[PDB]
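Structure file structure06.cif (mmCIF, C-alpha atoms) is printed below.
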```cif
data_entry
loop_
_atom_site.group_PDB
_atom_site.id
_atom_site.type_symbol
_atom_site.label_atom_id
_atom_site.label_comp_id
_atom_site.auth_asym_id
_atom_site.auth_seq_id
_atom_site.Cartn_x
_atom_site.Cartn_y
_atom_site.Cartn_z
ATOM 1 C CA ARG A 1 0.000 0.000 0.000
ATOM 2 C CA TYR A 2 3.030 2.324 0.355
ATOM 3 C CA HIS A 3 4.860 3.779 -2.629
ATOM 4 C CA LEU A 4 8.653 3.800 -2.023
ATOM 5 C CA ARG A 5 10.661 6.377 -3.877
ATOM 6 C CA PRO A 6 13.644 8.651 -3.358
ATOM 7 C CA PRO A 7 12.915 11.788 -1.375
ATOM 8 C CA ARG A 8 12.643 15.219 -3.073
ATOM 9 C CA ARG A 9 13.137 18.728 -1.636
ATOM 10 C CA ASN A 10 9.410 19.167 -0.940
ATOM 11 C CA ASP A 11 9.504 16.073 1.268
ATOM 12 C CA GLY A 12 12.110 17.555 3.729
ATOM 13 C CA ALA A 13 9.577 19.257 6.080
ATOM 14 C CA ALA A 14 7.496 16.104 6.181
ATOM 15 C CA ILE A 15 10.471 13.816 6.834
ATOM 16 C CA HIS A 16 11.575 16.084 9.731
ATOM 17 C CA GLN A 17 8.051 15.828 11.160
ATOM 18 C CA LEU A 18 7.943 12.079 10.700
ATOM 19 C CA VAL A 19 11.254 11.713 12.550
ATOM 20 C CA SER A 20 9.902 13.919 15.358
ATOM 21 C CA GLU A 21 6.828 11.585 15.579
ATOM 22 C CA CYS A 22 9.073 8.500 15.851
ATOM 23 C CA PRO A 23 10.831 8.967 19.248
ATOM 24 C CA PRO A 24 13.322 8.130 20.403
ATOM 25 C CA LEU A 25 15.066 8.948 17.118
ATOM 26 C CA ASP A 26 17.335 12.025 17.448
ATOM 27 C CA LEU A 27 15.578 15.013 15.758
ATOM 28 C CA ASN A 28 18.233 16.715 13.554
ATOM 29 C CA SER A 29 17.667 20.262 12.165
ATOM 30 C CA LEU A 30 15.186 20.596 9.300
ATOM 31 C CA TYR A 31 18.112 21.816 7.139
ATOM 32 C CA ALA A 32 19.877 18.502 7.710
ATOM 33 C CA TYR A 33 16.899 16.589 6.314
ATOM 34 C CA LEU A 34 16.798 18.968 3.333
ATOM 35 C CA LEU A 35 20.483 18.174 2.644
ATOM 36 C CA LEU A 36 19.640 14.470 2.627
ATOM 37 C CA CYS A 37 16.962 15.206 0.004
ATOM 38 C CA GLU A 38 19.327 17.364 -2.026
ATOM 39 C CA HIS A 39 22.507 15.370 -1.936
ATOM 40 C CA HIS A 40 21.632 11.823 -0.937
ATOM 41 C CA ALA A 41 18.321 11.131 -2.545
ATOM 42 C CA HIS A 42 19.639 8.090 -4.511
ATOM 43 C CA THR A 43 20.601 6.352 -1.260
ATOM 44 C CA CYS A 44 17.501 7.444 0.739
ATOM 45 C CA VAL A 45 13.856 6.499 0.570
ATOM 46 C CA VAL A 46 10.400 7.630 1.667
ATOM 47 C CA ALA A 47 7.277 5.553 2.003
ATOM 48 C CA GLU A 48 4.281 7.513 0.876
ATOM 49 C CA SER A 49 0.677 6.586 1.615
ATOM 50 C CA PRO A 50 -2.113 6.666 -1.014
ATOM 51 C CA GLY A 51 -3.119 10.028 0.458
ATOM 52 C CA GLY A 52 0.443 11.409 0.193
ATOM 53 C CA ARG A 53 1.512 11.117 3.814
ATOM 54 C CA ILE A 54 5.144 10.171 4.453
ATOM 55 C CA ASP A 55 4.969 7.397 6.991
ATOM 56 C CA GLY A 56 8.455 5.982 6.489
ATOM 57 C CA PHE A 57 11.980 7.264 5.827
ATOM 58 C CA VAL A 58 15.466 5.864 5.610
ATOM 59 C CA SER A 59 18.626 7.986 5.455
ATOM 60 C CA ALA A 60 21.742 6.249 4.183
ATOM 61 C CA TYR A 61 24.890 6.925 2.166
ATOM 62 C CA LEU A 62 27.939 5.108 0.818
ATOM 63 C CA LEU A 63 30.983 5.599 2.977
ATOM 64 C CA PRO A 64 33.289 8.007 1.136
ATOM 65 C CA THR A 65 36.347 5.992 2.139
ATOM 66 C CA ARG A 66 34.679 2.586 1.799
ATOM 67 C CA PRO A 67 32.315 2.777 -1.185
ATOM 68 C CA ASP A 68 31.157 -0.895 -0.938
ATOM 69 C CA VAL A 69 29.632 -0.134 2.506
ATOM 70 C CA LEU A 70 26.192 1.427 2.765
ATOM 71 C CA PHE A 71 25.880 3.279 6.065
ATOM 72 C CA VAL A 72 22.344 3.646 7.427
ATOM 73 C CA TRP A 73 21.807 6.709 9.553
ATOM 74 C CA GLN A 74 18.071 6.787 10.624
ATOM 75 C CA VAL A 75 15.100 4.476 10.007
ATOM 76 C CA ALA A 76 11.729 6.062 10.835
ATOM 77 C CA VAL A 77 8.434 4.230 10.675
ATOM 78 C CA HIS A 78 5.344 5.965 11.978
ATOM 79 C CA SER A 79 3.144 3.965 14.440
ATOM 80 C CA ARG A 80 0.339 4.169 11.909
ATOM 81 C CA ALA A 81 2.551 2.172 9.492
ATOM 82 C CA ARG A 82 3.628 -0.693 11.746
ATOM 83 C CA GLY A 83 2.953 -4.361 10.801
ATOM 84 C CA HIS A 84 3.977 -4.030 7.160
ATOM 85 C CA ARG A 85 7.701 -4.679 7.820
ATOM 86 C CA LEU A 86 8.250 -1.268 6.224
ATOM 87 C CA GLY A 87 11.785 -0.665 7.617
ATOM 88 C CA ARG A 88 13.015 -3.859 5.946
ATOM 89 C CA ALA A 89 11.137 -3.062 2.694
ATOM 90 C CA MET A 90 12.704 0.392 2.610
ATOM 91 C CA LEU A 91 16.292 -0.943 3.140
ATOM 92 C CA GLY A 92 15.772 -3.628 0.486
ATOM 93 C CA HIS A 93 14.502 -0.945 -1.916
ATOM 94 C CA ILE A 94 17.646 1.185 -1.417
ATOM 95 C CA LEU A 95 19.920 -1.892 -1.912
ATOM 96 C CA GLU A 96 18.301 -2.875 -5.183
ATOM 97 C CA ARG A 97 19.193 0.464 -6.814
ATOM 98 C CA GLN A 98 21.815 0.923 -9.518
ATOM 99 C CA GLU A 99 23.838 3.211 -7.186
ATOM 100 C CA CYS A 100 24.076 0.312 -4.731
ATOM 101 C CA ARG A 101 25.220 -2.376 -7.190
ATOM 102 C CA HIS A 102 28.636 -2.760 -5.586
ATOM 103 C CA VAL A 103 27.544 -2.625 -1.942
ATOM 104 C CA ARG A 104 28.840 -5.677 -0.035
ATOM 105 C CA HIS A 105 28.182 -4.499 3.497
ATOM 106 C CA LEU A 106 25.744 -2.468 5.594
ATOM 107 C CA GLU A 107 26.715 -0.558 8.765
ATOM 108 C CA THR A 108 24.619 1.388 11.242
ATOM 109 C CA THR A 109 24.743 2.154 14.943
ATOM 110 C CA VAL A 110 22.235 1.136 17.535
ATOM 111 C CA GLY A 111 21.960 2.945 20.847
ATOM 112 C CA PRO A 112 19.435 5.005 22.852
ATOM 113 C CA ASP A 113 17.666 6.503 19.842
ATOM 114 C CA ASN A 114 17.070 3.344 17.807
ATOM 115 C CA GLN A 115 16.980 0.021 19.627
ATOM 116 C CA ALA A 116 13.876 -1.029 17.584
ATOM 117 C CA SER A 117 16.223 -0.817 14.599
ATOM 118 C CA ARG A 118 17.882 -4.156 15.445
ATOM 119 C CA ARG A 119 14.908 -6.195 14.242
ATOM 120 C CA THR A 120 14.801 -4.251 10.976
ATOM 121 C CA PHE A 121 18.481 -5.001 10.242
ATOM 122 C CA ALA A 122 18.261 -8.619 11.265
ATOM 123 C CA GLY A 123 15.190 -8.942 8.971
ATOM 124 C CA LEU A 124 17.098 -7.428 6.049
ATOM 125 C CA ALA A 125 20.115 -9.699 6.771
ATOM 126 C CA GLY A 126 17.748 -12.695 6.937
ATOM 127 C CA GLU A 127 16.129 -11.899 3.611
ATOM 128 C CA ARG A 128 19.597 -11.659 2.000
ATOM 129 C CA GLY A 129 21.557 -14.565 3.519
ATOM 130 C CA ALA A 130 23.726 -12.164 5.495
ATOM 131 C CA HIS A 131 24.583 -12.016 9.245
ATOM 132 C CA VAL A 132 24.482 -9.286 11.971
ATOM 133 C CA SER A 133 27.597 -8.661 14.095
ATOM 134 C CA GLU A 134 28.053 -6.012 16.720
ATOM 135 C CA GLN A 135 30.947 -4.095 18.305
ATOM 136 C CA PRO A 136 31.106 -1.141 20.780
ATOM 137 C CA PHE A 137 31.019 2.105 18.776
ATOM 138 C CA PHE A 138 33.218 4.081 21.163
ATOM 139 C CA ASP A 139 36.841 3.560 22.094
ATOM 140 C CA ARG A 140 38.154 3.692 25.673
ATOM 141 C CA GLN A 141 39.187 7.396 25.438
ATOM 142 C CA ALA A 142 35.613 8.575 24.693
ATOM 143 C CA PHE A 143 33.587 10.380 27.472
ATOM 144 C CA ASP A 150 25.876 0.812 25.209
ATOM 145 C CA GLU A 151 25.983 2.151 21.602
ATOM 146 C CA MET A 152 26.958 -0.556 19.054
ATOM 147 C CA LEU A 153 28.194 -0.574 15.525
ATOM 148 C CA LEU A 154 26.224 -3.252 13.612
ATOM 149 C CA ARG A 155 27.825 -4.785 10.543
ATOM 150 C CA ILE A 156 25.495 -6.640 8.130
ATOM 151 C CA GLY A 157 26.999 -8.681 5.362
ATOM 152 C CA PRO A 158 27.910 -9.840 2.963
ATOM 153 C CA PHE A 159 25.575 -9.183 0.013
ATOM 154 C CA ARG B 1 46.972 31.038 17.641
ATOM 155 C CA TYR B 2 45.226 27.901 16.390
ATOM 156 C CA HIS B 3 46.407 24.911 14.428
ATOM 157 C CA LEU B 4 44.075 23.292 11.850
ATOM 158 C CA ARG B 5 43.548 19.513 11.533
ATOM 159 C CA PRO B 6 40.901 17.001 10.403
ATOM 160 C CA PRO B 7 38.614 16.071 13.265
ATOM 161 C CA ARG B 8 38.951 12.673 15.029
ATOM 162 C CA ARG B 9 36.040 10.605 16.326
ATOM 163 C CA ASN B 10 36.485 11.815 19.888
ATOM 164 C CA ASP B 11 36.105 15.469 18.795
ATOM 165 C CA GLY B 12 32.335 14.925 18.297
ATOM 166 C CA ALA B 13 31.271 16.198 21.764
ATOM 167 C CA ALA B 14 33.455 19.308 21.597
ATOM 168 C CA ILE B 15 32.303 20.123 18.065
ATOM 169 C CA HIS B 16 28.695 19.687 19.138
ATOM 170 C CA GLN B 17 29.287 21.972 22.151
ATOM 171 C CA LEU B 18 31.030 24.544 19.872
ATOM 172 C CA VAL B 19 28.008 24.644 17.541
ATOM 173 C CA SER B 20 25.616 24.974 20.560
ATOM 174 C CA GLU B 21 27.632 28.069 21.639
ATOM 175 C CA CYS B 22 27.506 29.639 18.178
ATOM 176 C CA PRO B 23 23.842 30.598 17.725
ATOM 177 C CA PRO B 24 22.216 31.059 15.342
ATOM 178 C CA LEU B 25 23.837 28.033 13.621
ATOM 179 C CA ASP B 26 21.274 25.176 13.487
ATOM 180 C CA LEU B 27 22.317 22.593 16.108
ATOM 181 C CA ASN B 28 22.118 18.940 15.027
ATOM 182 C CA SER B 29 22.214 15.862 17.247
ATOM 183 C CA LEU B 30 25.516 14.788 18.777
ATOM 184 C CA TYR B 31 25.490 11.751 16.543
ATOM 185 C CA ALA B 32 25.316 13.918 13.404
ATOM 186 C CA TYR B 33 28.665 15.439 14.400
ATOM 187 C CA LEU B 34 30.071 11.973 15.384
ATOM 188 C CA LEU B 35 29.196 10.793 11.888
ATOM 189 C CA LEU B 36 31.056 13.797 10.311
ATOM 190 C CA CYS B 37 34.060 12.905 12.452
ATOM 191 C CA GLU B 38 33.850 9.206 11.571
ATOM 192 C CA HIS B 39 32.934 9.310 7.837
ATOM 193 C CA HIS B 40 33.922 12.825 6.542
ATOM 194 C CA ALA B 41 37.082 13.709 8.448
ATOM 195 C CA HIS B 42 39.112 14.213 5.216
ATOM 196 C CA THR B 43 36.800 17.027 4.149
ATOM 197 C CA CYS B 44 36.194 18.683 7.570
ATOM 198 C CA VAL B 45 38.529 20.721 9.849
ATOM 199 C CA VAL B 46 38.819 21.943 13.420
ATOM 200 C CA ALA B 47 40.759 24.967 14.665
ATOM 201 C CA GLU B 48 42.412 24.003 17.923
ATOM 202 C CA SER B 49 44.315 25.963 20.595
ATOM 203 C CA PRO B 50 47.853 24.783 21.770
ATOM 204 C CA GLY B 51 45.892 23.613 24.859
ATOM 205 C CA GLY B 52 43.563 21.372 22.866
ATOM 206 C CA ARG B 53 40.413 23.538 22.872
ATOM 207 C CA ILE B 54 38.369 23.530 19.673
ATOM 208 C CA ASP B 55 37.114 27.016 18.810
ATOM 209 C CA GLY B 56 36.444 26.550 15.031
ATOM 210 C CA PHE B 57 34.885 23.804 12.847
ATOM 211 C CA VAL B 58 33.922 23.436 9.219
ATOM 212 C CA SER B 59 31.752 20.518 7.950
ATOM 213 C CA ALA B 60 31.971 19.766 4.261
ATOM 214 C CA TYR B 61 31.794 16.839 1.860
ATOM 215 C CA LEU B 62 32.095 16.115 -1.795
ATOM 216 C CA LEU B 63 28.712 15.660 -3.446
ATOM 217 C CA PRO B 64 28.147 11.949 -4.157
ATOM 218 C CA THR B 65 26.533 12.636 -7.543
ATOM 219 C CA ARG B 66 28.839 15.557 -8.408
ATOM 220 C CA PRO B 67 32.216 14.673 -6.888
ATOM 221 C CA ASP B 68 33.989 17.793 -8.287
ATOM 222 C CA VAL B 69 31.749 19.912 -6.047
ATOM 223 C CA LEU B 70 32.646 20.451 -2.366
ATOM 224 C CA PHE B 71 29.578 21.369 -0.293
ATOM 225 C CA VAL B 72 30.165 23.375 2.932
ATOM 226 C CA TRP B 73 27.440 22.631 5.492
ATOM 227 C CA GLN B 74 28.416 24.584 8.658
ATOM 228 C CA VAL B 75 31.168 27.111 9.492
ATOM 229 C CA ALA B 76 31.373 27.569 13.271
ATOM 230 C CA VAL B 77 33.734 30.183 14.757
ATOM 231 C CA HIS B 78 33.444 30.728 18.500
ATOM 232 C CA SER B 79 32.978 34.336 19.781
ATOM 233 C CA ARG B 80 36.260 33.994 21.811
ATOM 234 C CA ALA B 81 38.044 33.337 18.482
ATOM 235 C CA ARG B 82 36.955 36.490 16.543
ATOM 236 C CA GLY B 83 39.631 38.458 14.738
ATOM 237 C CA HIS B 84 41.605 35.424 13.576
ATOM 238 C CA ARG B 85 39.822 35.047 10.200
ATOM 239 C CA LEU B 86 39.365 31.397 11.151
ATOM 240 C CA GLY B 87 36.502 30.826 8.683
ATOM 241 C CA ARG B 88 38.656 31.647 5.637
ATOM 242 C CA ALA B 89 41.698 29.810 7.061
ATOM 243 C CA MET B 90 39.617 26.683 7.678
ATOM 244 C CA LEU B 91 37.980 26.746 4.232
ATOM 245 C CA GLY B 92 41.386 27.224 2.586
ATOM 246 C CA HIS B 93 42.811 24.332 4.613
ATOM 247 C CA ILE B 94 40.164 21.932 3.318
ATOM 248 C CA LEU B 95 40.497 23.160 -0.252
ATOM 249 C CA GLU B 96 44.275 22.656 -0.130
ATOM 250 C CA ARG B 97 43.958 18.972 0.701
ATOM 251 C CA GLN B 98 44.857 16.141 -1.652
ATOM 252 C CA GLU B 99 41.242 14.871 -1.293
ATOM 253 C CA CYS B 100 39.964 18.135 -2.916
ATOM 254 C CA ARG B 101 42.553 18.283 -5.720
ATOM 255 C CA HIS B 102 39.814 17.638 -8.327
ATOM 256 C CA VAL B 103 37.230 20.067 -6.878
ATOM 257 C CA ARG B 104 36.110 22.587 -9.491
ATOM 258 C CA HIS B 105 33.254 24.230 -7.495
ATOM 259 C CA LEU B 106 32.359 25.007 -3.907
ATOM 260 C CA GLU B 107 28.666 25.231 -2.862
ATOM 261 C CA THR B 108 27.159 26.390 0.404
ATOM 262 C CA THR B 109 24.071 28.267 1.547
ATOM 263 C CA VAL B 110 23.666 31.679 3.126
ATOM 264 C CA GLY B 111 20.688 33.480 4.667
ATOM 265 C CA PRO B 112 19.380 36.873 3.426
ATOM 266 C CA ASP B 113 21.403 39.084 5.808
ATOM 267 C CA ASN B 114 24.531 37.045 6.164
ATOM 268 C CA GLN B 115 26.877 39.532 4.486
ATOM 269 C CA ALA B 116 30.030 38.618 6.365
ATOM 270 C CA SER B 117 29.552 34.981 5.366
ATOM 271 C CA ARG B 118 29.243 36.050 1.714
ATOM 272 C CA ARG B 119 32.462 38.030 2.006
ATOM 273 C CA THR B 120 34.338 34.954 3.279
ATOM 274 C CA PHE B 121 33.214 32.962 0.199
ATOM 275 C CA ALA B 122 33.853 35.953 -2.134
ATOM 276 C CA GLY B 123 37.420 36.280 -0.825
ATOM 277 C CA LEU B 124 38.036 32.600 -1.396
ATOM 278 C CA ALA B 125 36.812 32.864 -5.009
ATOM 279 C CA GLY B 126 38.992 35.923 -5.789
ATOM 280 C CA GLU B 127 42.175 34.155 -4.633
ATOM 281 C CA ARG B 128 41.371 31.321 -7.126
ATOM 282 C CA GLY B 129 40.170 33.344 -10.146
ATOM 283 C CA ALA B 130 36.668 31.912 -9.579
ATOM 284 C CA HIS B 131 33.148 33.368 -10.143
ATOM 285 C CA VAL B 132 30.533 33.670 -7.340
ATOM 286 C CA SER B 133 26.865 33.183 -8.041
ATOM 287 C CA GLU B 134 23.872 33.274 -5.737
ATOM 288 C CA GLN B 135 20.428 31.826 -6.455
ATOM 289 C CA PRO B 136 17.260 31.291 -4.437
ATOM 290 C CA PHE B 137 17.299 27.730 -3.065
ATOM 291 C CA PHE B 138 15.562 26.892 0.223
ATOM 292 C CA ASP B 139 12.602 29.145 0.785
ATOM 293 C CA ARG B 140 9.409 29.011 2.894
ATOM 294 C CA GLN B 141 8.142 26.115 0.740
ATOM 295 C CA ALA B 142 11.240 24.034 1.488
ATOM 296 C CA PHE B 143 11.007 24.703 5.292
ATOM 297 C CA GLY B 144 7.287 23.965 5.440
ATOM 298 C CA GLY B 145 6.604 27.351 7.011
ATOM 299 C CA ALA B 146 8.985 26.731 9.907
ATOM 300 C CA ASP B 147 10.544 29.703 11.655
ATOM 301 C CA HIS B 148 13.829 29.642 9.679
ATOM 302 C CA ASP B 149 15.328 32.247 7.334
ATOM 303 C CA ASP B 150 15.547 31.414 3.614
ATOM 304 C CA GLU B 151 18.891 29.871 2.558
ATOM 305 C CA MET B 152 20.234 30.957 -0.826
ATOM 306 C CA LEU B 153 22.660 28.786 -2.812
ATOM 307 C CA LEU B 154 26.116 30.285 -3.064
ATOM 308 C CA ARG B 155 28.335 28.700 -5.751
ATOM 309 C CA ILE B 156 32.011 29.484 -6.433
ATOM 310 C CA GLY B 157 34.052 28.232 -9.356
ATOM 311 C CA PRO B 158 35.297 26.894 -11.671
ATOM 312 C CA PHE B 159 38.650 26.609 -9.898
#
```
File written out as structure tokens:
Amino acid sequence: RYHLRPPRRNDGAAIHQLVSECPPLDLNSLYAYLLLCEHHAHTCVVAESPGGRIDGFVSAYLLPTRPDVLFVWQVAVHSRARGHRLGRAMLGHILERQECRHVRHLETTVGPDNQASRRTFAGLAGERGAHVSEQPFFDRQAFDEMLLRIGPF
Amino acid sequence: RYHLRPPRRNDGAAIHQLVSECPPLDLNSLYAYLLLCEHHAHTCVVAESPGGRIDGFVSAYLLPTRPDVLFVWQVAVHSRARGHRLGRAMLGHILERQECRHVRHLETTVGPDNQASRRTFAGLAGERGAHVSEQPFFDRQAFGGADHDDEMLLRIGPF
């Protein structure tokens, strides 16, 4: 029932509002979401209802120093959109794009703002014969948030 | 005096605190700065005192679909660090790097009244024989009516 497509500039306000309505995700500035629409649309996705509401969003980008790794920043799915495995559908949709043809690995972090994320990434990994590992994100000089590595594809 | 270097992962908290103390820059989450430090260090810079205090930061990255364009996201210069022309020094430092040796254009956005910020980018262009252009970009439509000034697109180049 959702149409998945890359985001466009006119989606930025709505994506910022969706993220706000999906606590505990960190709410970045509206301008940051607009930059995702402007510069990263080919590696991001929105899920748009029949009536035009944006009920899902994924922000992601290839790592500049490791271009076979897709790094997933935030996954937002509105309560009204639960029970469609939308987070997994959105990640799969990104990975099937031409810009992602050489992606071997996925990385994201899981901590206070996105524990519900783990099921989404394990689902993706499961659908693609890949496996989820985890490692502490921070080193011992800093200041549990974990880097998840999902692979291979 | 300050020295300039790429940020390291553990600079995230200090860079986040620096932006919080430079209103009216838009503050993003801590994690957004951690990700700049972790994924974009080769195109960002901090200005650091001999004592290790960060009073300047620039975030920038090459555009994934237009890799000869460097986009500058935020230029933070603490009030205690005025009069050092840190913004221009920091931008120059990034542009000088081996990672930016193929950059032909620099893009950034500026609000309506931000004249000093325009002069920084103008000065940079002049020292490279580059053109500066400014076009409407993010307006009320793009912000969904939120209480935020318009951001025009400032574009310098070709270098």
Next item on the list: Taking all atoms listed in the file into account, report as a PyMOL selection string which residues of chain A lie within 8 Å of chain B.
Entry: chain A and resi 9-10+12-14+26-32+34+39-40+63-65+141-142
Excluding segment 96-109 of chain A and residues on its chain fewer than 6 positions from it, collect all residues at most 6 Å away from it, counting all atoms listed in the file, and give them as a compact mmCIF listing (two decimals) with C-alpha atoms, in the frame of the given file.
```txt
# COMPACT_ATOMS: atom_id res chain seq x y z
CA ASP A 68 31.16 -0.90 -0.94
CA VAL A 69 29.63 -0.13 2.51
CA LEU A 70 26.19 1.43 2.76
CA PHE A 71 25.88 3.28 6.06
CA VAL A 72 22.34 3.65 7.43
CA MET A 152 26.96 -0.56 19.05
CA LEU A 153 28.19 -0.57 15.52
CA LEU A 154 26.22 -3.25 13.61
CA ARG A 155 27.82 -4.78 10.54
CA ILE A 156 25.50 -6.64 8.13
CA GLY A 157 27.00 -8.68 5.36
CA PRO A 158 27.91 -9.84 2.96
CA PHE A 159 25.58 -9.18 0.01
```
Item checked: Atom-to-atom span, atom CA of residue 120 of chain A and atom CA of residue 50 of chain A, Å -> 23.4 Å
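With distances taken over all atoms listed in the file, B:55 is the one residue among B:149, B:113, B:55, B:127 lying closest to residue 4 of chain B.
Within the file as shown, the PyMOL selection byres ((chain A and resi 77) around 6) identifies residues 55, 56, 76 and 78 of chain A.
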Save the residues we just selected, C-alpha atoms, as an mmCIF file, keeping the file's coordinate frame?
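File part.cif, as written:
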```cif
data_model
loop_
_atom_site.group_PDB
_atom_site.id
_atom_site.type_symbol
_atom_site.label_atom_id
_atom_site.label_comp_id
_atom_site.auth_asym_id
_atom_site.auth_seq_id
_atom_site.Cartn_x
_atom_site.Cartn_y
_atom_site.Cartn_z
ATOM 1 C CA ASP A 55 4.969 7.397 6.991
ATOM 2 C CA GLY A 56 8.455 5.982 6.489
ATOM 3 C CA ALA A 76 11.729 6.062 10.835
ATOM 4 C CA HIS A 78 5.344 5.965 11.978
#
```
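Relative to atom CA of residue 114 of chain B, atom CA of residue 130 of chain B is found at 20.5 Å.
Taking atom CA of residue 83 of chain B as the reference point, atom CA of residue 47 of chain B is found at 13.5 Å.
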Next item on the list: Using all atoms listed in the file, determine which residues lie at most 9 Å from residue 90 of chain B, disregarding the query and same-chain residues fewer than 2 positions distant; provide the list as an NGL selection string.
Entry: :B and (4 or 44-47 or 56-58 or 75 or 85-88 or 92-95)
Output: segment 97-122 of chain B of the preceding structure, restricted to C-alpha atoms, written as a short mmCIF file (atom, residue, chain, number, x, y, z; two decimals), in the first residue's frame.
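The resulting file, part_24.cif, is reproduced below:
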```cif
data_model
loop_
_atom_site.label_atom_id
_atom_site.label_comp_id
_atom_site.auth_asym_id
_atom_site.auth_seq_id
_atom_site.Cartn_x
_atom_site.Cartn_y
_atom_site.Cartn_z
CA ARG B 97 43.96 18.97 0.70
CA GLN B 98 44.86 16.14 -1.65
CA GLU B 99 41.24 14.87 -1.29
CA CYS B 100 39.96 18.13 -2.92
CA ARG B 101 42.55 18.28 -5.72
CA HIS B 102 39.81 17.64 -8.33
CA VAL B 103 37.23 20.07 -6.88
CA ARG B 104 36.11 22.59 -9.49
CA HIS B 105 33.25 24.23 -7.49
CA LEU B 106 32.36 25.01 -3.91
CA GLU B 107 28.67 25.23 -2.86
CA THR B 108 27.16 26.39 0.40
CA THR B 109 24.07 28.27 1.55
CA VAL B 110 23.67 31.68 3.13
CA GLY B 111 20.69 33.48 4.67
CA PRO B 112 19.38 36.87 3.43
CA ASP B 113 21.40 39.08 5.81
CA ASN B 114 24.53 37.05 6.16
CA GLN B 115 26.88 39.53 4.49
CA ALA B 116 30.03 38.62 6.37
CA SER B 117 29.55 34.98 5.37
CA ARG B 118 29.24 36.05 1.71
CA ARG B 119 32.46 38.03 2.01
CA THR B 120 34.34 34.95 3.28
CA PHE B 121 33.21 32.96 0.20
CA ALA B 122 33.85 35.95 -2.13
#
```
